[PDB]
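The next block holds one structure in the form of structure tokens; read it before the comments.
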Amino acid sequence: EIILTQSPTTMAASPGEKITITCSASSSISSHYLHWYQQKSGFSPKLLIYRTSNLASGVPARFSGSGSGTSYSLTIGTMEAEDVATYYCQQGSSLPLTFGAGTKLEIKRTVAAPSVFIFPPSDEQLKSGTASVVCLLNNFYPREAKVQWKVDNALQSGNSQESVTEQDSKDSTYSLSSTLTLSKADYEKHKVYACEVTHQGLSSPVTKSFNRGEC
Amino acid sequence: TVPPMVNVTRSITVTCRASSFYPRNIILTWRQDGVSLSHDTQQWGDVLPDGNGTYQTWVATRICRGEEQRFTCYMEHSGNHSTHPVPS
Amino acid sequence: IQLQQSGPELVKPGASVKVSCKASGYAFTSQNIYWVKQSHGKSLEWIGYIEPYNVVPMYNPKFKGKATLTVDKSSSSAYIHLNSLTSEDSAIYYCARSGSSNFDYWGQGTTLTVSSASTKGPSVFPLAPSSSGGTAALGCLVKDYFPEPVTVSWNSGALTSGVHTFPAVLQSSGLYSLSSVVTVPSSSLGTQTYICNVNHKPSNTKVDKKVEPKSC
């Protein structure tokens, strides 16, 4: 098959930056059979550019495309917050029809510290024998963060799972959940539940905690 | 209204002829895998009267041997439409 | 132009499934319907297309003998039948329609999970607000469900600002769990009610959970 190689794999652009991504075909194709798609996180792909350089319906004028032969590109003339997405090239010159692996474009913004919140397990959940403790890091940038759980001041390992949202289309931040899972028996045997957060927006790590059984 | 007679011929040049239709307004185009070709990669007949009160036209495009099954001629006329393969 | 697909499906290994795509906004037989596979975290893969007027399909040889494409005029719909299902077939499947490109319009996707595990609806637990900068966070923990996906709204869709619904995590129990949170002014905790609305189509489960502040 015609292999389409997209570069870069991922890239962060500043707001207002001109950014160009490339699609390299393993052999020559007509520009009339090379198209681009945009897929915003949580949504289906959408047609962005058809026949190399023609903007699809609803696509703003800041997008453009160029190329011929084996070398194609897509340019955003001014990166906007809503342009965070994965961008795919696709060829229809030869069967089978093929897509590139995608280029994920994210946006820089000013450093934003997380707002940190901790949630004890609900009494409803405790009835059925398990305790989930949740630590929320809300609306931060950049994505890199360290979250450490402590129970009675002992560092926890192996008993949490993390999940992170994709970059927000409006404010360009991330949010992160961390869920500590313990048996009800183990949960009732300890008092101090703490999540400690390290992030470059914080001058030192922030700890949020609660004591089980206290107001 | 008189519906077009649509005939596709292979010579590779594939030609899609629409004949004996009225009124003169018609859409004809080649497609590859359903994707309509640009106007500038096809060759276009005029829409000409035929002396019997109807019109005829055609559109052609050049393809490679073995690609015939990917190509179809799409027609719209007077609220009706059809799709025709390259005969084999 | 709208392409509306059938809902999410859990199917056992070795069995088959048929996914539908209802096309509206144009004459059904005037354009080709396409099908695309997207595995979780992966790229897009072309499966095949069908020319609905004469009913002529074309397949990616990767999917010959796996996928069968059909159409039906009374339902204005195209169908993909997938046989001999394995875990490798678990993916989101998209219908699409060609035009100026091979994929001018796309459906909303259908999540297929191939697994022998049984469907289980979620338990929904409150993430209760209690004692950041005049902002309160609250949420719902949507725990122990199978398969994906679930949807979460807040106040029947009336609360959208500040909502973050996290990607689900597969737990060592073989079941999924996610949280959905929202930030609101702390002053609104006394006045406003907050209810998460959780829908899990595969188990036909709908749960509304009121999230109240901690009293003590």
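Protein chains in written order, with this note's numbering: chain L, 2 to 216; chain V, 13 to 100; chain P, 152 to 367.
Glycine is no exception: its CB is placed at the ideal position from the N, C-alpha and C atoms.
Residue i in three-state terms, based on DSSP
| i | result |
| --- | --- |
| residue 308 of chain P | helix |
| residue 61 of chain V | strand |
| residue 171 of chain L | coil |
| residue 93 of chain V | strand |
| residue 201 of chain L | coil |
| residue 88 of chain V | strand |
| residue 38 of chain L | strand |
| residue 10 of chain L | coil |
| residue 141 of chain L | strand |
| residue 194 of chain P | coil |
| residue 212 of chain P | helix |
| residue 239 of chain P | helix |
| residue 352 of chain P | helix |
| residue 132 of chain L | strand |
| residue 339 of chain P | helix |
| residue 157 of chain L | coil |
| residue 276 of chain P | strand |
| residue 54 of chain L | coil |
| residue 179 of chain P | helix |
| residue 160 of chain P | strand |
| residue 77 of chain V | coil |
| residue 83 of chain L | helix |
| residue 29 of chain V | strand |
| residue 32 of chain L | helix |
| residue 180 of chain L | strand |
| residue 21 of chain L | strand |
Residue range of the alpha helix (DSSP H) that includes residue i
| i | result |
| --- | --- |
| residue 186 of chain L | 185-189 |
| residue 125 of chain L | 124-127 |
Neighbour list for residue i in chain V, Cβ cutoff strictly below 8 Å
| i | result |
| --- | --- |
| residue 52 of chain L | 50 |
| residue 251 of chain P | 47 and 48 |
Bounding residues of the beta strand (DSSP E) (the contiguous stretch that carries residue i)
| i | result |
| --- | --- |
| residue 154 of chain P | 153-156 |
| residue 359 of chain P | 356-361 |
| residue 66 of chain V | Segment: none, residue 66 of chain V is in no beta strand (DSSP E) and carries neither H nor E. |
| residue 211 of chain L | 207-212 |
| residue 254 of chain P | That residue, residue 254 of chain P, is in no beta strand (DSSP E); it is neither H nor E in DSSP. |
| residue 171 of chain P | 168-175 |
| residue 291 of chain P | 286-296 |
| residue 40 of chain V | 39-44 |
| residue 260 of chain P | Residue 260 of chain P -> no beta strand (DSSP E), and no H or E assigned at all. |
| residue 98 of chain L | Per DSSP, residue 98 of chain L belongs to no beta strand (DSSP E) and is neither H nor E. |
| residue 107 of chain L | 104-108 |
| residue 119 of chain L | 116-120 |
Min CB distance residue i to chain A below 8 Å
| i | result |
| --- | --- |
| residue 206 of chain L | Of the protein chains in this structure, namely L, V and P, none is chain A. |
beta-carbon residue i near the ligand SAH non-hydrogen atom, thresh 7 Å
| i | result |
| --- | --- |
| residue 67 of chain V | Among the components modelled here there is no ligand, and therefore nothing to report on the ligand SAH. |
Partners in chain L for residue i, counting only beta-carbon separations shorter than 8 Å
| i | result |
| --- | --- |
| residue 194 of chain P | 89, 100, 101, 102 and 103 |
| residue 167 of chain P | Correct list: empty, because the minimum Cβ distance to chain L is about 23 Å. |
| residue 294 of chain P | 126 and 133 |
Within chain P, partners of residue i - CB distance below 9 Å
| i | result |
| --- | --- |
| residue 46 of chain L | 187, 189, 195, 245, 247, 254 and 257 |
| residue 93 of chain V | 178, 180, 181 and 204 |
| residue 97 of chain V | 202, 205 and 207 |
| residue 196 of chain L | None at all; the shortest Cβ gap to chain P is about 13 Å. |
Residue of the options minimising C-alpha distance to residue i
| i | options | result |
| --- | --- | --- |
| residue 3 of chain L | L:94, L:44 and L:77 | L:94 |
| residue 209 of chain P | V:69, V:25, V:43 and V:81 | V:81 |
| residue 70 of chain V | V:84, V:47, V:88 and V:55 | V:55 |
| residue 207 of chain P | V:58, V:21, V:88 and V:98 | V:98 |
| residue 59 of chain L | L:38, L:197 and L:98 | L:38 |
| residue 242 of chain P | P:329, P:343 and P:168 | P:168 |
| residue 267 of chain P | P:336, P:229, P:326 and P:364 | P:326 |
| residue 314 of chain P | L:177, L:153 and L:157 | L:177 |
| residue 26 of chain L | L:5, L:46, L:132 and L:18 | L:5 |
| residue 203 of chain L | L:122, L:112, L:134 and L:120 | L:112 |
| residue 251 of chain P | V:50, V:96 and V:57 | V:50 |
| residue 164 of chain P | P:311, P:350 and P:238 | P:238 |
| residue 44 of chain V | L:19, L:92, L:20 and L:48 | L:92 |
| residue 183 of chain P | P:154, P:162 and P:161 | P:154 |
| residue 190 of chain L | L:214, L:48 and L:43 | L:214 |
Under 9 Å from the C-beta of residue i: neighbouring residues of chain V
| i | result |
| --- | --- |
| residue 93 of chain L | 44, 45 and 47 |
Interface partners of residue i on chain P, CB under 8 Å
| i | result |
| --- | --- |
| residue 84 of chain V | 202 |
Neighbouring residues, chain V, relative to residue i (Cβ below 7 Å)
| i | result |
| --- | --- |
| residue 200 of chain L | Chain V residues near residue 200 of chain L: none, gap ~48 Å exceeds 7 Å. |
Amino acids of chain P, ordered along the chain, whose beta-carbon sits closer than 7 Å to that of residue i
| i | result |
| --- | --- |
| residue 125 of chain L | 276 |
Residues that residue i contacts on chain L, provided the C-beta gap is smaller than 7 Å
| i | result |
| --- | --- |
| residue 334 of chain P | 139 |
Practice task
Report the residues of the stretch 23-53 of chain V with a CB closer than 8 Å to any CB of chain L, ordered along the chain.
Solution key: Answer set for the stretch 23-53 of chain V: 44, 45, 47, 49, 50 and 53.
Exercise for the section: With 8 Å as the limit, tell me which residues of the stretch 211-240 of chain P have their beta carbon closer than that to any beta carbon of chain L; keep them in chain order. Expected result: For the stretch 211-240 of chain P, the residues whose beta carbon sits under 8 Å from a beta carbon of chain L are, in order, 211, 212 and 213.
Problem - Cβ-based contacts, 7 Å cut-off: residues of the stretch 299-317 of chain P near chain L - result: For the stretch 299-317 of chain P, the set of residues with a beta-carbon nearer than 7 Å to any beta-carbon of chain L comprises 315 and 317, in chain order.
Problem - Cβ-based contacts, 9 Å cut-off: residues of the stretch 130-150 of chain L near chain P - result: The stretch 130-150 of chain L vs chain P, Cβ under 9 Å: 131, 133, 135, 137, 139 and 140.
Exercise for the section: Could you run through the stretch 160-184 of chain L and flag, in chain order, every residue whose CB is less than 9 Å away from some CB of chain P? Expected result: 162, 163, 164, 165, 166, 167, 169, 176, 177, 178, 180 and 182
Problem - Contact set between the stretch 57-78 of chain V and chain P, restricted to residues whose Cβ is under 9 Å from the partner - result: none
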